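Chemist: Mind looking over this structure? Questions follow.
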Amino acid sequence: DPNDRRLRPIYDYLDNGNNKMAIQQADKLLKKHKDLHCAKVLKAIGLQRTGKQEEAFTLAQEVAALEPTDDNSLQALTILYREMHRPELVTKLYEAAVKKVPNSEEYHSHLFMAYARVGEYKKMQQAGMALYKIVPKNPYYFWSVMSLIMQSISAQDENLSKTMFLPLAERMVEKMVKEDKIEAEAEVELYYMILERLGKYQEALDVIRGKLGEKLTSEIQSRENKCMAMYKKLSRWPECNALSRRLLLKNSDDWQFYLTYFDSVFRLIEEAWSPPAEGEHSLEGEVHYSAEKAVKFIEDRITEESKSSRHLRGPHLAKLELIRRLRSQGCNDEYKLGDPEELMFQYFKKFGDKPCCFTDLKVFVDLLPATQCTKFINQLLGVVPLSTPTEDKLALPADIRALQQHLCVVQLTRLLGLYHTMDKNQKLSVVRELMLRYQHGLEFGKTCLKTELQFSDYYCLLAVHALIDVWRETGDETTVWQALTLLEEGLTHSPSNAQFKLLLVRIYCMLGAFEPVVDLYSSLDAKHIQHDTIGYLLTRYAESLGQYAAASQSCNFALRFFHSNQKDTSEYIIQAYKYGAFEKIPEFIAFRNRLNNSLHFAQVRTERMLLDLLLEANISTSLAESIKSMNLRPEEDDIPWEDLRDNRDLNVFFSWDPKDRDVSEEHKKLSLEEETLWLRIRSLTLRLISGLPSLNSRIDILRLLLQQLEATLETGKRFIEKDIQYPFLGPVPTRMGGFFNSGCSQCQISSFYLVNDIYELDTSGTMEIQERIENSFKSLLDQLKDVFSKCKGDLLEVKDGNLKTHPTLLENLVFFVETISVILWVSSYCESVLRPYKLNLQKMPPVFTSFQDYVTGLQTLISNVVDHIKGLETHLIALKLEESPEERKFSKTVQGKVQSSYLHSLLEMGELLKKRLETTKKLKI
Amino acid sequence: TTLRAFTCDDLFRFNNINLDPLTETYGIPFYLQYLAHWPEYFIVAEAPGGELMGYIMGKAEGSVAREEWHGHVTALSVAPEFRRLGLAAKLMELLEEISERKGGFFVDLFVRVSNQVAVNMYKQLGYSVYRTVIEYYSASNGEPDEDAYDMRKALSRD
Amino acid sequence: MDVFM
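Residue numbers (the UniProt record's numbering), protein chains in the order written: chain S, 9 to 704, 722 to 790, 794 to 871, 883 to 922, 931 to 972; chain G, 2 to 159; chain D, 1 to 5.
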């Protein structure tokens with residue numbers, strides 16, 4: 009085809025992003041021939057890639073009106089439609105194409121394929137049935153069956169699905185079986201899924217155990233898993249027990265089978281089941297039904313694993329679990345298993361050097377009585393071969409083994425809760441000892457590469473944790489500075505560490521500085537899926553500190569990732585449908601829904617909305633063009649409150665605190681509720697702001730939204746009154762407390778009431797309304813003055829050679845900036861509506888004088904705030920922060944970084960305020 | 002330990018593994034394609050406490066006519082605190098067995114040149130170096146594009 | 001390991 013050769017230049021141009029030259033070459037090509045619709049659609053695609061969609065959309069509509077037939081044009085139109093997420097058009101396109109040629113099986117397949125991309129289940133079922141009618145192939149029939157299954161799943165009515173679709177699918181598959189046409193293995197999976205979803209467990213188990221079960225060979229032990237599931241559903245305990253025993257005999261390092269065997273044998277003992285008189289006492293093999301048999305089997309596994317040179321951690325943990333379950337059940341006359349403390353000591357002795365010992369012991373540590381925990385720790389200290397402790401030096405290890413054992417011992421000591429008993433001085437002594445141990449142990453890893461962690465970073469982690477606990481207990485920032493210095497020094501030696509970067513980011517964000525945070529996060533090298541998991545740390549702090557550029561960049565990255573997900577997940581589940589992995593379709597659908605209902609997605613979307621509206625509200629546009637191009641309406645909403653899902657990982661930080669002080673599901677629930685409240689408040693505020701230009722019946726909608734906002738604010742205050750404390754490494758509190766303490770909510774509500782009053786006056790057009801307007805103006809001015817007065821102070825303070833920080837002032841300044849921007853918008857609308865009244869009256884209402892005085896007061900307040908910001912900057916730059932040497936240098940560097948971050952934030956704030964001040968000249972009516 | 006098939010929901014809990022600089026983080030299309038096309042080549046280990054030690058992800062391709070039908074290893078990672086336990090050897094043995102059951106011919110994988118420990122452990126496992134490819138790793142952040150070693154091992158069918 | 005693509 010010569011046309012493909014002609015398109016090859018623009019083909020590679022689009023491949024390389026050469027949009028302009030592609031458009032030029034397409035124009036040159038179409039100058040000779042006017043029937044080359046592919047050239048036109050390629051030009052439209054290139055225009056869309058450059059941000060020209062309306063002309064591209066018109067060209068696409070024009071070429072679609074022609075109803076083409078060549079495959080290349082169809083592919084190009086498909087790509088173009090998927091560019092702005094418009095898959096419904098290709099459905100009609102392929103419908104017309106198959107209308108032209110009804111006997112084309114490829115066209116029917118493509119039409120069904122586009123339907124499956126969309127999700128019209130009856131249509132895919134009909135298309136698949138028609139395709140099978142055209143060509144008798146099993147895969148199309150099973151495609152139709154899967155379409156019916158998905159239609160049943162989608163429907164909420166359980167009875168309707170269990171009565172209409174599932175019986176029909178079962179009848180279809182039964183007819184297929186009667187015809188004896190089951191060849192591949194996917195049909196068996198589909199049949200089993202259909203039978204299981206209908207509740208006929210016995211028939212599914214029979215069909216799996218039958219001849220058709222032999223076709224399941226691609227996977228490993230799949231038949232065993234399905235039999236386990238069926239037995240658990242049917243409560244056929246002896247069979248599951250026998251199968252679990254056989255599988256454990258096969259491989260003796262599987263935890264799930266150990267748990268299943270224990271549960272089965274305990275259920276057997278509870279039911280007092282007895283073996284049959286004759287024949288095998290199972291469908292699988294031997295069955296154990298006595299605790300003596302269980303302990304004998306466990307001992308046999310232990311002694312069999314002992315002989316093998318390779319070491320496994322299975323049987324010992326299984327013995328510990330059996331001890332726990334025997335204790336729980338009530339068999340106090342235990343069958344000579346042993347003292348749990350002795351077993352723990354032996355296990356630690358055998359696996360001292362392995363880094364995973366602590367994690368294994370944490371699960372069972374609850375068995376140890378709290379009376380002799382210190383004695384147990386002392387006993388543990390007697391095996392480690394430490395050097396002799398002299399007067400001026402501590403006992404030190406000799407190689408990697410001793411160091412790892414001592415580290416594990418220290419971790420276990422911290423876990424038991426001893427460290428939460430002594431006072432400040434003993435904690436400081438422990439910190440010094442840990443620091444000395446880390447410094448001594450740093451010598452071993454001299455030859456380690458840059459991509460491998462050092463051997464003693466956990467000493468620094470423990471010291472940092474202790475210092476943070478001390479600071480939280482008493483509140484002395486010198487400990488914070490020391491911890492920051494220690495963390496920086498540790499990160500200097502091991503650039504590849506990950507926990508250090510996260511701890512540094514959290515501490516810096518807590519202290520109010522933000523400049524190093526972006527660099528540290530970039531060094532962390534996050535990517536697509538990690539965004540939705542660990543981007544909340546950046547998104548919760550980027551906006552609150554005035555660093556607008558970083559917030560914009562992060563929001564852009566997150567939005568790009570989410571849009572790419574929304575575009576490509578459907579395509580890849582489509583491909584999975586094509587291949588034949590039927591059982592993976594519902595899981596794919598659930599995964600896509602989970603990703604589409606992420607809380608972080610809505611949070612970043614709303615934050616980007618508000619930031620884009622605020623940055624270029626009136627300095628660039630008139631707040632009307634931005635809204636129109638921004639697609640916002642008061643009634644429209646796209647936040648799924650009923651299906652909000654949380655995906656943030658709260659366990660990324662390594663922890664060693666006891667169970668009581670660790671995170672809990674209650675904390676997660678409270679954090680989710682607080683985040684939902686904050687998101688609701690932000691969304692309501694954005695929606696209320698959005699509908700303002702349309703005021704030039723909606724008043725009722727605005728009043729309803731205002732009432733909802735007031736109720737939400739009341740609920741938020743009630744929740745704040747609870748005074749819930751969070752763990753340091755757990756969820757971080759939101760900004761609601763600072764928002765309430767600042768008092769900007771009253772100013773915004775007063776502005777909204779003033780807007781309502783002026784709109785009512787305009788509709789009516794009275795003296796009482798004018799007096800109310802004047803009183804509202806005076807109250808707004810007083811509230812703004814009070815809010816500004818609440819922000820006065822100093823950011824960095826020097827006292828006795830120590831530094832003190834006050835991020836609350838920065839947060840108050842941010843809230844003040846947002847409030848004054850909103851007030852400026854409201855005043856602009858008020859002047860816009862009021863100006864024609866005075867213009868007509870010129871052909883004496885005291886409202887004009889009050890408005891002019893209010894404008895002058897606003898300008899004076901803005902000038903005073905700008906001057907105060909400049910004075911704060913001048914004081915900050917003139918600060919003389921200069922007042931082992933390496934630690935002092937690190938502390939100086941940390942202080943310099945904090946000062947630079949504060950200066951950058953203040954400069955950005957001053958620039959924004961100076962830009963916003965100029966706009967007040969248009970209000971001089 | 003506990004070995005089971007990888008699932009989509011596990012993508013939200015494996016963050017404690019990819020933080021290692023030596024391990025990558027592919028996009029959603031890569032994981033979705035590998036899971037849909039070859040579900041059996043996706044194994045993940047789960048700890049008694051609920052954590053994930055590591056996972057192994059691979060694929061099979063080639064031409065049987067030219068005896069190119071072979072298994073390929075895409076990704077293999079282990080958590081830093083769960084190493085020195087032979088988990089990688091167990092996963093590699095499982096992949097070798099499952100590829101042998103499919104009538105393959107050999108197994109191959111790429112490796113970083115500077116990653117000396119991985120090369121040594123592979124050589125200990127009977128794997129013999131095949132060849133070297135120049136500038137395979139498209140390094141970012143200004144780092145030089147490190148070359149890669151084409152690592153190979155035979156099978157029993159031949 | 002392979003390249004990200």
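Built from N, CA and C at the ideal position, the CB exists for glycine as well.
With distances taken Cα to Cα, identify the nearest neighbour of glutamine 946 (chain S) among S:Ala917, S:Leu959 and S:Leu603.
Modeler: Here the closest residue by C-alpha is S:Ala917.
Chemist: Tell me whether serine 902 (chain S) is buried or exposed, calling it buried when 16 or more other Cβ atoms sit within 10 Å of its Cβ.
Modeler: Classification of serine 902 (chain S): exposed, given that the 10 Å Cβ count is below 16.
Chemist: Any residues in the stretch 653 to 685 of chain S with a beta carbon nearer than 7 Å to a beta carbon of chain G? Which ones, in chain order?
Modeler: Listed by position along the chain: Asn655, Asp657 and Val660.
Chemist: Going along the chain, which residues of its own chain have a beta-carbon closer than 7 Å to the beta-carbon of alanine 610 (chain S), five neighbours each way excluded?
Modeler: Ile647 and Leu687, listed in sequence order.
Chemist: Buried or exposed: where does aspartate 347 (chain S) fall if 16 or more other Cβ atoms within 10 Å of its Cβ makes it buried?
Modeler: With fewer than 16 Cβ atoms within 10 Å of its Cβ, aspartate 347 (chain S) is classed as exposed.
Chemist: Output, in chain order, the set of chain S residues within a Cβ distance shorter than 7 Å of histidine 38 (chain G).
Modeler: Chain S residues near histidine 38 (chain G): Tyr587.
Chemist: In the DSSP assignment, what residue or residues form a beta bridge with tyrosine 446 (chain S)?
Modeler: Per DSSP, none; premise fails for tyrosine 446 (chain S).
Chemist: Taking one C-beta from the stretch 811 to 821 of chain S and one from the stretch 724 to 741 of chain S each time, how about it: are there three or more such pairs within less than 8 Å?
Modeler: The answer is no - the stretch 724 to 741 of chain S does not touch the stretch 811 to 821 of chain S, with fewer than three Cβ pairs under 8 Å.
Chemist: Taking the DSSP output, what are the residues bridged to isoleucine 57 (chain G)?
Modeler: The partner list for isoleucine 57 (chain G) (beta bridge, DSSP) reads G:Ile44 and G:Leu77.
Chemist: Taking the beta carbon of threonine 429 (chain S) as the centre, do at least 16 other beta carbons fall within 10 Å, making it buried, or is it exposed?
Modeler: So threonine 429 (chain S) counts as exposed.
Chemist: Cβ of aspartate 527 (chain S) less than 8 Å from any chain G Cβ?
Modeler: By this cut-off, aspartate 527 (chain S) is not an interface position.
Chemist: Spatial neighbours of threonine 759 (chain S) within its chain, please: CB distance less than 7 Å, with the 5 preceding and 5 following residues excluded, ordered by chain position.
Modeler: Around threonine 759 (chain S): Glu682, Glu683 and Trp686.
Chemist: Are the C-beta atoms of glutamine 34 (chain G) and some chain S residue less than 8 Å apart?
Modeler: It does; some Cβ of chain S falls within 8 Å.
Chemist: Give me the Cα-Cα distance between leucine 4 (chain G) and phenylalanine 265 (chain S), rounded to the nearest whole angstrom.
Modeler: If you take the alpha carbons of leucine 4 (chain G) and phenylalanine 265 (chain S), they lie about 11 Å apart.
Chemist: Is there at least one Cβ from chain D nearer than 8 Å to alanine 76 (chain G)'s Cβ?
Modeler: Interface residue, yes.
Chemist: Under 8 Å between the Cβ atoms of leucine 528 (chain S) and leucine 512 (chain S)?
Modeler: In this structure, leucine 512 (chain S) lies closer than 8 Å to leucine 528 (chain S) by Cβ.
Chemist: According to DSSP, what are the bridge partners of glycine 72 (chain G)?
Modeler: Partner(s): G:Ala61 and G:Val108.
Chemist: Which term fits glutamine 159 (chain S), buried or exposed, when burial requires 16 or more other beta carbons within 10 angstroms of its beta carbon?
Modeler: Classification of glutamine 159 (chain S): buried, given that the 10 Å Cβ count is 16 or more.
Chemist: Measuring only the C-alpha atoms, how far is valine 215 (chain S) from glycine 221 (chain S)?
Modeler: Cα to Cα, the separation comes out at about 7 Å.
Chemist: Assuming contact is defined by CB atoms lying nearer than 8 Å, are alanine 584 (chain S) and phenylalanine 599 (chain S) in contact in what I supplied?
Modeler: No, Cβ-Cβ distance for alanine 584 (chain S) and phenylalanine 599 (chain S) is not below 8 Å.
Chemist: Which of the residues in the stretch 505 to 523 of chain S, read from start to end, lie with their CB under 8 Å from any CB of chain G?
Modeler: Against chain G - using a Cβ distance shorter than 8 Å - the residues of the stretch 505 to 523 of chain S are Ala506.
Chemist: Going by DSSP, which residues form a beta bridge with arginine 653 (chain S)?
Modeler: Partner(s): S:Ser606.
Chemist: Can the beta-carbon of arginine 963 (chain S) be found less than 8 Å from the beta-carbon of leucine 808 (chain S)?
Modeler: No, the Cβ-Cβ distance between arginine 963 (chain S) and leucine 808 (chain S) is not below 8 Å.
Chemist: Which residues of chain S have a Cβ atom closer than 8 Å to the Cβ of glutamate 82 (chain G), listed in chain order?
Modeler: The answer, in chain order, is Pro363, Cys364 and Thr367.
Chemist: Using a Cβ-Cβ distance cut-off of 8 Å, determine whether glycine 72 (chain G) contacts chain S.
Modeler: Not closer than 8 Å to any Cβ of chain S, the Cβ of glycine 72 (chain G) fails to qualify, so no.
Chemist: Under the three-state reduction of DSSP, which class applies to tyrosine 19 (chain S): helix, strand or coil?
Modeler: Of the three classes helix, strand and coil, the one that applies to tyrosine 19 (chain S) here is helix, per DSSP.
Chemist: In three-state terms, what does DSSP make of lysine 304 (chain S)?
Modeler: Helix.
Chemist: Who does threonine 133 (chain G) pair with in a DSSP beta bridge?
Modeler: Paired residue(s): G:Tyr150.
Chemist: Can you list, in chain order, the residues of its chain whose CB lies under 8 Å from that of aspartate 431 (chain S), leaving out five sequence neighbours each side?
Modeler: Within the same chain, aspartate 431 (chain S) has no close Cβ partners at all.
Chemist: Counting contacts by CB-CB distance shorter than 8 Å, is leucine 325 (chain S) in contact with chain G?
Modeler: Cβ-Cβ to chain G under 8 Å: yes for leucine 325 (chain S).
Chemist: Whose C-beta lies closer than 7 Å to the C-beta of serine 502 (chain S) among residues of the same chain, with five residues either side of it excluded?
Modeler: Excluding sequence neighbours, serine 502 (chain S) sits near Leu461, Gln462 and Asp465.
Chemist: Does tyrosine 56 (chain G) come within less than 8 Å of chain D when only Cβ atoms are used?
Modeler: Output row for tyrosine 56 (chain G): interface = no.
Chemist: I'd like the list of long-range same chain contacts for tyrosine 200 (chain S), defined as Cβ closer than 8 Å, with 5 residues on each side in sequence excluded.
Modeler: Around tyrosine 200 (chain S): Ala212, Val215, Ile216 and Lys234.
Chemist: Output the boundary residues of the alpha helix (DSSP H) element that contains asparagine 26 (chain S).
Modeler: Here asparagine 26 (chain S) belongs to no alpha helix (DSSP H), and DSSP marks it neither H nor E.
Chemist: Which of the three DSSP states, helix, strand or coil, is assigned to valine 114 (chain G)?
Modeler: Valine 114 (chain G): coil per DSSP, three-state reduction.
Chemist: I want to see whether chain S comes within less than 8 Å of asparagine 16 (chain G), judged by CB atoms only; does it?
Modeler: Interface residue, yes.
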